[PDB]
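S.K.: Below is the structure I would like to discuss, written out as structure tokens.
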Amino acid sequence: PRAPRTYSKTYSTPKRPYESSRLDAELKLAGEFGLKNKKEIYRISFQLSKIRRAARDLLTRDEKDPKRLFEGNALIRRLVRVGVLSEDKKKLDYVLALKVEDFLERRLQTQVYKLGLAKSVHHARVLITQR
Amino acid sequence: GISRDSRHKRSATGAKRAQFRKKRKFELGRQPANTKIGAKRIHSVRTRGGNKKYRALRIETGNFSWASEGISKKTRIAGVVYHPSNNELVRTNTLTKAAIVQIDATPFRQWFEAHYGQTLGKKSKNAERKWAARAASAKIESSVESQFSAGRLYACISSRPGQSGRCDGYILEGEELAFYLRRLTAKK
Amino acid sequence: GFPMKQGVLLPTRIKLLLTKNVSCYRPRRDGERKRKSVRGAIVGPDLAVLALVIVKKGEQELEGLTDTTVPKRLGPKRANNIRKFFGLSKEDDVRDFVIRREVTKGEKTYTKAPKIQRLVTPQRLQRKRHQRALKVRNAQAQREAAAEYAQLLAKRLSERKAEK
Amino acid sequence: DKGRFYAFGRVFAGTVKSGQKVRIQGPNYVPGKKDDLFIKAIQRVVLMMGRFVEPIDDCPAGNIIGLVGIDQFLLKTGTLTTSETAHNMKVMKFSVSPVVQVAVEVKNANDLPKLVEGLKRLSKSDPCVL
Amino acid sequence: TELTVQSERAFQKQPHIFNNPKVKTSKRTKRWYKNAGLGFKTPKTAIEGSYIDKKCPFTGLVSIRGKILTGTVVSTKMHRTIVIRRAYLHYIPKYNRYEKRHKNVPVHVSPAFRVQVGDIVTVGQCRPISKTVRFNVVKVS
Amino acid sequence: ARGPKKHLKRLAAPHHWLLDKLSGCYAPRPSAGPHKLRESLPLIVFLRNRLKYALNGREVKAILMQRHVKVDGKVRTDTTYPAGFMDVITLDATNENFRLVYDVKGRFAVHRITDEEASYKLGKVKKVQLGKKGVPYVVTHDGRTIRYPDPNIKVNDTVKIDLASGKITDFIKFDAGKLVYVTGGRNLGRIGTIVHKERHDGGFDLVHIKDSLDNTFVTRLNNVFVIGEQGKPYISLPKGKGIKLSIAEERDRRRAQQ
RNA sequence: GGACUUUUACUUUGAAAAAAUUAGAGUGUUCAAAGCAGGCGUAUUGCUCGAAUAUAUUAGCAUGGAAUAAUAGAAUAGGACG
RNA sequence: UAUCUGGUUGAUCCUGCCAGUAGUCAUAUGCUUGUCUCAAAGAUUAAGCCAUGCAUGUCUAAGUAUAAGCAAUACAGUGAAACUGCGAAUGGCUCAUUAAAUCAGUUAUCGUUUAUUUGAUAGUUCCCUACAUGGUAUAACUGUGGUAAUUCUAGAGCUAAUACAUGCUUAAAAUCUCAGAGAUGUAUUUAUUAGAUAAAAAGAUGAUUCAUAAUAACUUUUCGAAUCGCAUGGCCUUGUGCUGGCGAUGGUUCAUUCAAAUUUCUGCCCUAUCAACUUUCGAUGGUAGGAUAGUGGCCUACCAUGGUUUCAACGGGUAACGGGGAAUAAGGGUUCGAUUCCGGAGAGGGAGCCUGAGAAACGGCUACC
Ligand SMILES: [Mg+2]
Ligand SMILES: [Mg+2]
Ligand SMILES: [Mg+2]
Ligand SMILES: [Mg+2]
Ligand SMILES: [Mg+2]
Ligand SMILES: [Mg+2]
Ligand SMILES: [Mg+2]
Ligand SMILES: [Mg+2]
Ligand SMILES: [Mg+2]
Ligand SMILES: [Mg+2]
Ligand SMILES: [Mg+2]
Ligand SMILES: [Mg+2]
Ligand SMILES: [Mg+2]
Ligand SMILES: [Mg+2]
Ligand SMILES: [Mg+2]
Ligand SMILES: [Mg+2]
Ligand SMILES: [Mg+2]
Ligand SMILES: [Mg+2]
Ligand SMILES: [Mg+2]
Ligand SMILES: [Mg+2]
Ligand SMILES: [Mg+2]
Ligand SMILES: [Mg+2]
Ligand SMILES: [Mg+2]
Ligand SMILES: [Mg+2]
Ligand SMILES: [Mg+2]
Ligand SMILES: [Mg+2]
Ligand SMILES: [Mg+2]
Ligand SMILES: [Mg+2]
Ligand SMILES: [Mg+2]
Ligand SMILES: [Mg+2]
């Protein structure tokens, strides 16, 4: 038989289901960025965790570990390449600081509203959607 | 199958193993030839790789060798006298490697005369000029001369008739003949 | 319908294991010794058909005997199977005596003939020469390239003999 | 093979082909409601002989054939249509009646499941047995 | 081995090595030996003895190719073959600790060597020479 | 069991050839030839997977039947024919020749050479014995049994071959200093010098190597090919020139061409 | 090359540990999961970068270390050294 | 990516479990189900049973064409049947068996067989043909047939070969052998010999009985081309004379490649309510042979009394094929792996065996159940 397709889960569900603190902090992020699911939030915090996972794992290696420098650049090269890391913060472990909001800002959906162009983030989403 | 696998056979700890996998052909063995005297008969056997192999059963015209001189004359074999594996072969006169036999030995007397000439035990000229040129080359042992007076000579096989078909041996000399002599007359 | 085995010597019917001889070998490939039933060589009332071969003739003809006269259906094809089908020796060089056979469909009809094999011809002769010739040019190149080697027999026995 | 049954009968209009969005209509169903109705596929169509069932790709109207893969949706009878609103078919007034009854249970208690299944299977066997 | 060597019912001698009774080079029986390789060389007990032992790494027609192993002779009780005990520690990852294990190795001992139980010993892998033996001894420490 | 495998499953095929996981299910199983299955590179790979002169497999068995194609001068119609290290391939059209050579990352590389000087091949000697009737022969790394060799050439050396016959023209001894190519190991495909032999009898002969930028490494002897005098490679060599570089070093050379 | 460094454990480095999977560099599959692709301009007869790298525990191989922890070194000297 | 909450009391602090919570490439199942991409899937229970169909056949310029097949001066194009060759030993499926077995990594063959590929490699042959041997023979086909029935086959009549069976064709030197006619290859089998390789005086390897050579003979005498297709150049002393080129098929040996068979070290889950086990019938070893492709108690004869075990043998269990791997992961761990790759085993259960380089084959045969 031919080889297996590889696939992966993009998201990860919270541990305590009914902490209002997380319930409300989630809903604020929804109306602000015009999201529907918590999956939209979960996907991003899972991304962010899959990213600090690499980040704390490189600061444990002593400076000048060729792996530390090499993927340390590779990371930040990819993170101000999107604007979720600000240009000054290119320094090494400012990465560990990001909340999710910096990603929802750099979403296509938000820009189409923060660049004039939409008048409301909910209007932005359907504008993108309809070709 | 007559199988050659170790996978029957208790392990070194004394423990009966299990039967995984049936006998495979590449671990087979076959029955012995049990080759007898006379009426030369050999059977091809088709062995692995297509290679043939010749199964002596009833051989009689057996090549030999001397071979303190390197002579190797084909000669009749008349019987077997001693076997170190069991003495049930000396009385079935079945020939295998390491058997000890009586051979005709006249083709060796009638080559001793040819090279040197005495012989035992009571025509051009390129040979006379080499006849007494070869000297000090008629010192037999008391062990080997005393036989032509009986005619049959004592030899041991070195080939494998079951495998090679052709069965060829050498002749007993030195303590090799001394040792095998102290059991032929130790049986006596 | 079971047939009779050429030598079995029974009036009955029995089962044997068959190689490529007599009532077998096909249909199945490469031996493959199917076990089939056969019937004895001796006759009895239980038979349906006996196959007899006329050997002598006697008094009165039979209508399946004299008038029925069917032909050989193929003529010789080896040069010497043609040559000594008539008595012609190596000195007769057939292709003049090979039989022909006619057929008529669209009226040129011209005959078909069997292509003799074992035919004494070039390049059976040419390839015979070309073969034995190749034996030597290789052997001669072998013999002479062999000796071309043993001139470093000199130089490398002239750094251990001419080395003082 | 044990207990499956050929749906047997006659093509009156249209054609039947192997694999088909047939609507199986039991004698309860009416074209308004959803009732003794199944919209499932016709595995194969074969023509019947005496233990020959030579299989067949399709079959036109006016003939006698069997269908496989239909049986599990049929109690005793039915009409197969592909119209959104074709009606059922008449109920086959026959002469004999399931009037002489008997009582059954299994000799061995473990076998009752094989008996209750069997009674559904027997009721398909015949057009009359209740 | 003892009884000179001809205790066996077959005559016991090296194959294809010729004690010729027409040239009295007074050794009167030629001794074929080979240097085993790998550093260790043939003991003088092998060159000068007169045992037969077709399995001797020096006298015999058998060669030494694989692993070379060091064990300690634990049984000395079958003819021309002994068994040694190799000890080692196996590692149990979960406890980050070790347990003592040990295998036994039946080893042919050519009559060149006298060996007593005790006696750390050096062995090298040769062709299967019995059901259980695949090693032959070369040293005594 | 029961016989020789005629098939090769993808992902059982060597990483050398760099075939897509998904694509089809099978790889092409190299035929029997001069080198080895794992170290070969069948024709079908070369024509279609790097050159991209073919798209189908049906194409190569439609272009090889032209006899458009030759390795070591001989034509070789077999689609799954095992072509390995050091051979050459002239082509009828395109007046264009290739030699099969590793890049630094250990895979076979496309590499072109002159109409002439594809006339000659190199090969490592691994067997030197006496033939029947006393005729000494060598065996190269491509199965060539070459007779009457310059005596005291001896195993581990390399030999130039004229490809008209199996002619040995010159020979480089295997000695401290000579230039080498790495043909195995994590360091497969690197070049430079020779600085040691740990003789290691009974075992593996590791061999210390130093390259143009003075990087030590060790590879076991059957992973080294002696390739002539230093700075004077006896074969036309692909533009990478087999020297290795850091993973961080490679990134910078890309950003040079901004 | 003729006699051995008593012999082990541990640890450093190196080669070894198939491919896939995992980690992970690169690449706007329109994103993404993926895949190992792809990238630069002419009304066409080309140019060009990739297909990395790593953890791949054991046991074995090669190796640097000589702490830690075992072990043999002469005592009926039959001992070293010549 | 290092989190706990509810429940024993009148109340308290504990122990401590039950319950809750989160994931599961983890099965099942209920309700619900619009778009796109990706794509597991009769493993678990029953390695239980199977209707029907299919899953292995194969042709070139180049083994055999007289189809009474087409198409139109031995044959000649195309070409069914049949012979010959090759393949059918891969693939695919399944995981029943299997616990030192398999398997993984790591060794070994100085312990063996090997179709094929690739590369090297071969003048010699009679005890009355070589311008070319025999029917030592037959299929398809013709025709006579049996049986309810099968890929059943008989009886009679032809004819091919790269099928089967044969066998003559050579120089030029020498070494022998009777001022000179014949015998001198290779492989089978034996035995002896060299294989030096540590200085002055009458070849390879860590290592060999290695490669190789030499002597003396052996053999139901192995191979050493009576084969095809495309071309037709050259020679003059112009004759089916003599020559010659690019290819196809085949063969002994050696190498190679794909393999394989054995094999060294270390490593398996639960169980002592398994503590001894193995050896009369091979258990551990010794000599010898036999057998094998070859080592080996693999088997046999003779002998010896050995071999394993608390550092857990032996036995029992596994709802156990091993492995790469999967799930959960602060770290350590826990649980799984029938299943895309690798290795192995099996083809209803057992055994046996033909063919062949390769099978102890199952879309092969034989027997029992
Ligand atoms: Mg056939
Ligand atoms: Mg891997
Ligand atoms: Mg990934
Ligand atoms: Mg991506
Ligand atoms: Mg915890
Ligand atoms: Mg209360
Ligand atoms: Mg719970
Ligand atoms: Mg749960
Ligand atoms: Mg559901
Ligand atoms: Mg649409
Ligand atoms: Mg099914
Ligand atoms: Mg099942
Ligand atoms: Mg298979
Ligand atoms: Mg060849
Ligand atoms: Mg005839
Ligand atoms: Mg005939
Ligand atoms: Mg379990
Ligand atoms: Mg033996
Ligand atoms: Mg099981
Ligand atoms: Mg398991
Ligand atoms: Mg699980
Ligand atoms: Mg598994
Ligand atoms: Mg199961
Ligand atoms: Mg499947
Ligand atoms: Mg498998
Ligand atoms: Mg099988
Ligand atoms: Mg079944
Ligand atoms: Mg079977
Ligand atoms: Mg099969
Ligand atoms: Mg089947």
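By order in the structure tokens, chains are A, B, ...; within a chain, residues start at 1; ligands start at 1, following the order shown.
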So which residues are near ligand 4, meaning at most 10 Å away with only C-alpha atoms (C1' of nucleotides) and all ligand atoms counted, given back as a list in words?

M.R.: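 Within the 10 Å cut-off, the matching residues are residues 27, 28, 29, 31, 32, 33, 34 and 35 of chain G.
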
S.K.: Taking 5 positions as the minimum chain separation for residues in the same chain, which residues sit within 9 Å of residue E:77 when counting only C-alpha atoms (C1' of nucleotides)? Answer as a list in words.

M.R.: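 My reading of the contact set: residues 82 and 83 of chain E; 305 and 306 of chain H.
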
S.K.: Write down, as a PyMOL selection string, each residue of chain C that has any atom within 12 Å of an atom of chain F, counting only C-alpha atoms.

M.R.: chain C and resi 142-143+145-153+155-157

S.K.: What residues in stretch 110-174 of chain B get the DSSP label strand (DSSP E or B)? Please answer as a list in words.

M.R.: residues 153, 154, 155, 156, 157, 169, 170 and 171 of chain B

S.K.: Got a sec: who's within 12 Å of residue D:51, counting only C-alpha atoms (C1' of nucleotides), leaving out chain neighbours fewer than 4 positions off, as a ChimeraX atom specification?

M.R.: /D:46-47 /H:51

S.K.: Please extract the residues at most 8 Å from ligand 17, counting only C-alpha atoms (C1' of nucleotides) and all ligand atoms, and provide them as a PyMOL selection string, using the chain letters and residue numbers of this document.

M.R.: chain H and resi 269+318+320

S.K.: Export, as a PDB file, in the first residue's frame, the selected residues with C-alpha atoms (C1' of nucleotides).

M.R.:
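Output file result14.pdb is given in full below:
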ATOM      1  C1'   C H 269       5.051  -9.518  29.157  1.00  0.00           C
ATOM      2  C1'   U H 318      -0.936 -14.654  27.534  1.00  0.00           C
ATOM      3  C1'   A H 320       1.431 -12.544  22.676  1.00  0.00           C
TER       4        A H 320
END

S.K.: Would you kindly report the residues of chain E within 7 Å of chain H, using only C-alpha atoms (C1' of nucleotides), as a list in words?

M.R.: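 Taken together, these residues fit the definition: residues 8, 10, 35, 36, 37, 38, 63, 66, 67, 78, 79, 81, 100, 101, 102, 127, 128, 129, 130 and 131 of chain E.
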
S.K.: In Å, with one decimal, what is the gap from atom CA of residue E:68 to atom CA of residue E:2?

M.R.: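 Here the two named atoms are 28.8 Å from each other.
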